[PDB]
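So the structure is just underneath, and the comments pick up after that.
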Ligand SMILES: COc1cc(O)cc(O)c1
Ligand SMILES: COc1cc(O)cc(O)c1
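Residue numbers (the entry's author numbering), protein chains in the order written: chain A, 16 to 223; chain A', 16 to 223. A prime marks a further copy of an entry chain.
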C-alpha cells in the first residue's frame with residue numbers, strides 16, 4: 016500500500032523555484048539537512064531529560080553521511096526524534112506554507128536561495144542536487160514510514176517494511192547526473208567543514 | 016508561593032561567562048530573543064494546522080517590543096506556544112547543559128559570544144544587558160507562571176496571578192544602568208533592521 020498526496024500549491028511552487036532558478040551555490044543543501052538533523056536530535060534529547068525511556072530505541076545521538084557511487088545516493092541519517100505519518104504528510108513537520116510565503120517575499124527584498132533555512136523550509140533545498148528524495152523515518156509513537164517525491168506536484172507515503180532503523184530519519188538523495196561531486200569524500204568534507212563545523216553531535220562521513 | 020531552584024552547574028557557568036567576559040557586541044541579545052519568539056510562534060502555528068482550537072487562546076501570531084524608561088525594562092512579548100512549569104525549570108525548554116558544552120568548546124576553536132544561538136542557549140544572552148530577567152509564560156496545557164533570576168546561581172518560579180496573557184512568553188529585561196541605549200526607539204529599530212529583518216511574524220516596536 017502506497018498512498019499519493021498532492022503538495023499544497025505553495026510547496027509545489029517553492030519546489031519548482033528550487034528546481035528552476037539558476038543558482039550555482041547548490042552545496043548549501045548539506046548544511047540545511049544537517050541542521051535539520053541537529054534540530055531533530057535536540058528534540059529527542061529534550062524529551063529524554065524527563066523520560067529516559069524515550070531513548071530506549073537508541074541511546075546514541077549522531078549524524079551519518081553515506082555516499083554511494085553505484086546508486087548515486089547521498090544519505091543523511093540522524094537518530095533524532097523521527098517523524099510520525101501525520102508529520103510527514105504535514106510537510107515533514109514544517110510550517111511550509113507560511114515559510115514559503117516569508118521566503119518568496121524575502122527573495123523580493125534582497126535574499127538568495129542560501130537563506131532558505133531562515134524560513135523553515137530548508138529540507139526542500141534537497142532538490143538543488145537530487146532528482147528524487149526518499150525519507151525513511153521512525154518516531155517512538157508510530158511505525159516506520161517512507162516518504163518519496165521527484166517533485167512534479169506529488170509525494171507518496173508507505174509503511175516501510177525493510178531495514179528497521181529504531182528511531183530517526185534517513186534522507187536519501189538520488190542525485191542528478193551532473194551533481195556527483197557530492198559523492199566525493201573531499202568535497203563532502205570541505206562542505207561539512209565550511210558550514211556545519213559547530214554542530215553539537217558527531218558527524219561521521221562513511222567511506223566506500 | 017515562590018519556589019527557588021539551583022541552576023545546573025554548566026548553566027551557572029555560562030551565565031557567569033556571559034556576565035564576566037569583556038565583549039562589546041552586546042546588541043545581539045535582541046536577535047536571539049526574537050528568534051526564540053519566532054521558534055515559539057512556529058510551534059503553535061504547527062500545532063494549529065491539525066487542531067485549530069490550539070489558537071483559542073489567541074489567533075494573532077506576533078512579537079511586540081516594549082521599552083519603558085521609567086522602569087528600565089525592555090520587554091519582548093510573543094504569542095507563541097508558551098512554556099509549561101516543567102519547561103521553565105528544565106532550562107526554559109532548551110537543552111542547555113549540552114548546549115553550554117558545545118558553546119564552551121566552540122569558544123576554544125574560534126567562536127565568539129555572538130554565536131550563542133547556534134548552541135541553543137541564546138536566551139542567556141539576555142544577561143549581556145540585563146541585571147534581572149523575568150519570564151512570564153502561558154502554555155495551553157498549564158497555568159501562567161513567572162520565572163525570575165538575577166543570575167548568581169539560582170532562579171525562582173511562582174504562579175503569576177497578575178495580568179493574564181492568554182498564550183505566549185514575555186521576557187522582561189531589567190537593564191543595567193549602563194545599557195539604556197536599548198530603550199531608545201532609534202537604536203532598537205536599527206538592531207531589528209540589522210539582525211531580525213527576515214522574521215516571519217510582525218514585530219511591533221511600541222513607543223512611549
Ligand atoms: C523539515 O523536515 C525534515 C525533518 C527531519 O527530521 C529531517 C529533515 O532533513 C527534514
Ligand atoms: C530558550 O528559552 C526561551 C523560550 C521562549 O519561549 C522564549 C525565550 O526568549 C527563551
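Every residue gets a Cβ at the ideal spot worked out from N, C-alpha and C, and that includes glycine.
A Cβ of chain A is located within less than 8 Å of the beta carbon of residue 117(A'). Within the segment 51-78 of chain A, the residues whose Cβ lies closer than 8 Å to any Cβ of chain A' are, in chain order, 57, 60, 61, 64, 65.
If the five residues before and after residue 216(A) are omitted, its C-beta is found closer than 7 Å to the C-beta atoms of 53, 56, 76, 77, 78, all from its own chain and listed in chain order. Sixteen is the threshold: when 16 or more other Cβ atoms of the shown chains lie within 10 Å of the Cβ of residue 159(A'), as they do, the residue is buried.
For residue 177(A') against residue 92(A'), the beta-carbon gap comes to about 14 Å, at or over 8 Å, which does not count as contact. Within the model, the alpha-carbon separation for residue 98(A') versus residue 61(A') is close to 16 Å. Within chain A, the residues whose beta carbon sits less than 9 Å from that of residue 134(A') are 213, 215, listed in sequence order. A heavy atom of ligand 1 is found nearer than 7 Å to the CB of residue 55(A). In this structure, the C-beta of residue 76(A') stays at least 7 Å away from each heavy atom of ligand 2. Exposure of residue 67(A) is indicated by the presence of fewer than 16 other C-beta atoms within 10 angstroms of its C-beta. Assignment of beta-bridge partners to residue 114(A') by DSSP yields no partner. For the 8 Å CB-CB criterion, residue 51(A') and residue 138(A') form a contact. Against residue 113(A'), the close residues of chain A are 60, 215, in the order they occur along the chain (beta-carbon pairs closer than 8 Å). Taking the beta carbon of residue 110(A) as reference, the chain A' residues within 8 Å of it are 57, 60, 61, 64, listed in sequence order. Around the C-beta of residue 18(A'), fewer than 16 other C-beta atoms lie within 10 Å, and the residue is accordingly described as exposed. Chain-ordered, the chain A residues with CB closer than 9 Å to the CB of residue 105(A') read 61, 64, 65. At a C-beta separation below 7 Å, residue 121(A) has these neighbours in chain A': 213.
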